[PDB]
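# Results of the structural survey
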Amino acid sequence: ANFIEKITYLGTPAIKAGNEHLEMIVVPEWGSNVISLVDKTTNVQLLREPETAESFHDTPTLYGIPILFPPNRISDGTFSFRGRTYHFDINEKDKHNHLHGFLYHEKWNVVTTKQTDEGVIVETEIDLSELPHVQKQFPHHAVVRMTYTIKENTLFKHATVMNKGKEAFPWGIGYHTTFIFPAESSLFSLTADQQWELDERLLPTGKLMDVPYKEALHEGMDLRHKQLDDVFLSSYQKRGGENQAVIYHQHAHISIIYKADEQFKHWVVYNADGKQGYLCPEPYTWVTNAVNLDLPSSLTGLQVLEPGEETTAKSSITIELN
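Residues numbered from 1 in each chain as written, not as in the entry; some residues may be left out. Heavy atoms only, no water. Residues with missing side-chain atoms left out of burial classes, pairs and counts.

Method of determination, as annotated in the archive: X-ray crystallography, at 1.450 Å resolution.

And the structure:
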């Protein structure tokens, strides 16, 4: 059994979709944010939802599943690529950075709604050539299409990035996925052994370091007394195996398994002061400030789309009852 339904969410049009296991709400006008994800077996909301529309507009990267194109910081908003210098707006004023890209608070179009016995599918899309202020910063005909598919106990969340223009461009994507996380009774794990050393502007120095608590991080750990805003290197390319973050909710007896494909070479983990009741395990295709690191792209995750090319970067959220 399954459904797709147009609804109003905090005064804004939205799409509710689900099956017998999982229900999502995506808000196309709000950066195609998947604002709600409910496990129907347990009736548990998994994502942090805003309590007013104004609250969402105040902090649109701290609710639901915000789309970060590109993710995290670029020093001084400035980088060079094939001889061309780019200047993105410096929205992080104290650290003098560009932060979190172009798409989390723009209107995306709904382009597909389909249901079968195999999956419920919603696709949204945005064409950056239709955003004049973005074109000032990033003058490329980039198009991003999100494919959300609910099948059994999984939300598949795929991003297809397309170059419809006449010149190549560099790109990365990430998500600022904001899960409810009661630190007194949930545990967190991640496939990472190393992390990037950061400077005072939260930019990588270029050095990798051991994660001191990596064993605990593999096992599932208590994050009480830990403030995280850390850039982890996925262990997948070195060790093979999995590329995923897991939240275990001990009271609800459910595990959230957040998988990402090989493009997602880094994870940022953010929990603010640790007392806000949420946790953001953020898979990124490129490391913070990738465009300004003199390191190979196998490590930074920097990607380039030539004219006419596209690529699909895949991730998924699976809910398991323990």
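## A look at the overall build of the chain
Within the chain one finds 5 helices and 27 strands. With the principal axes as the frame, the chain shows a C-alpha extent of 55 × 45 × 40 Å. If you take every contact in the chain between residues at least 6 apart in sequence, the share linking residues at least 24 apart comes to 62%. (Helix = DSSP H or I, 4+ residues; strand = E, 2+ residues; numbered from the N terminus. Contact = heavy atoms within 4.5 Å.)

## Describing the sheet that holds strand 22 (residues 244–249)
Reading across the sheet, the 8 strands line up as 11-12-13-14-27-23-22-18 and stay open at both edges, with antiparallel pairing between neighbours. The outermost strands of the open sheet, each flanked by one partner alone, are strand 11 (109–115) and strand 18 (186–190). The mean inter-strand angle of the sheet, taken between neighbouring strand axes irrespective of direction, is 15°. Of the pairings in the sheet, the one linking strand 22 to strand 23 (residues 254–260) comprises 6 bridges and is antiparallel in character. Bridged to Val 246 within strand 23 is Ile 257. (Pairing = 2+ DSSP bridges. Axes fitted to C-alpha atoms, helices over the stretch in contact; angles between N-to-C directions.)

## Focus on the packing of aromatic side chains
Under the counting rule described, the total for this entry stands at 15 aromatic pairs. With a centroid separation of 5.5 Å and 70° between ring planes, the pair formed by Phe 138 and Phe 169 is classed as edge-to-face. Residue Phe 138 is found in the loop between helix 2 (132–137) and strand 13 (142–151), and its partner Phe 169 is found in strand 15 (residues 169–171); the two are separated by 31 residues along the sequence. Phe 169 carries the same exposure label as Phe 138, and that label is buried. Ring centres 5.5 Å apart and planes at 85° place the aromatic pair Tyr 258 and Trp 267 in the edge-to-face group. (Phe/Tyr/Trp six-rings, centres within 6.5 Å; stacked < 30°, edge-to-face > 60°. Buried < 20%, exposed > 50% of the residue type's maximum accessible area, 1.4 Å probe, protein only.)

## Observations regarding the nonpolar core
Counting 79 residues, the largest nonpolar core has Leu 128 and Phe 188 as the members making the most contacts within it. With 5 residues, the single largest contributor to this core is strand 13. Look past the residues within four positions of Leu 128 in its chain and what remains in contact with it is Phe 69, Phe 102, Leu 103, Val 134, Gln 135, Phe 138, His 140, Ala 142 and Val 144. (Core = buried A, V, L, I, M, F, W, Y, C linked by side-chain atoms within 4.5 Å.)

## Here's the deal with the sheet that holds strand 1 (residues 2–9)
Spatially, the 5 strands line up as an open sheet ordered 1-2-3-4-5, and their pairing is antiparallel. Only two strands of the sheet have a single partner each, and these edge strands are strand 1 and strand 5 (44–45). Pairing of strand 4 (residues 33–39) with strand 5, which is carried by 2 bridges, proceeds in the antiparallel orientation. Within strand 5, the residue paired with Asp 39 across the bridge is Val 44.

## So, the layout of surface pockets
Estimated volume of the largest pocket: approximately 230 Å³. If you trace the largest pocket, you find 14 residues lining it, with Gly 101, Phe 102, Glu 106, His 133 and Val 134 closest to the centre. Broken down by secondary-structure element, the contributors of at least two residues to the lining of the largest pocket are strand 10 (97–99) and helix 2. Residues that form the lining of the largest pocket fall into these classes: 6 nonpolar, 6 polar and 2 charged. The calculated volume of the second largest pocket comes to roughly 200 Å³. (1 Å grid on protein atoms, 1.4 Å probe; cavity = no way out; pocket = protein on both sides within 12 Å on 5 of 7 lines; lining within 4 Å. Points joined across faces, edges and corners; volume = space filled by probe spheres on them. Nonpolar A, V, L, I, M, F, W, Y, C, P; charged D, E, K, R; others polar.)

## Description of the side chain of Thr 178
By the secondary structure assignment, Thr 178 is in the loop between strand 16 (174–175) and strand 17 (179–180). When its relative accessible area of 0% is taken as the criterion, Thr 178 is described as buried. Polar side-chain contacts of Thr 178 include one of 2.8 Å to the backbone oxygen of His 176. Apart from residues no more than four positions distant in its own chain, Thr 178 is found in contact with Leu 46, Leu 47, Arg 48, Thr 61, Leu 62, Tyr 63, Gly 64, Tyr 278, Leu 279 and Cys 280. (Polar contact = N/O pair within 3.5 Å; in protein donor to acceptor, adjacent residues only side chain to side chain.)

## A short note on empty space enclosed by the protein
Here the largest cavity defines a volume of roughly 50 Å³. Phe 69, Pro 70, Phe 79, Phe 88, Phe 102, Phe 138, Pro 170, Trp 171, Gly 172 and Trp 286 are the residues that line the largest cavity. Here the lining of the largest cavity is composed, by residue class, of 9 nonpolar, 1 polar and no charged. Roughly 30 Å³ of volume is contained in the second largest cavity. Along the walls of the second largest cavity sit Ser 234, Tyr 236, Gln 237, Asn 243, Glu 262, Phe 264 and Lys 265, which together make up its complete lining. The residue inventory of the lining of the second largest cavity, partitioned by class, reads 2 nonpolar, 3 polar and 2 charged.

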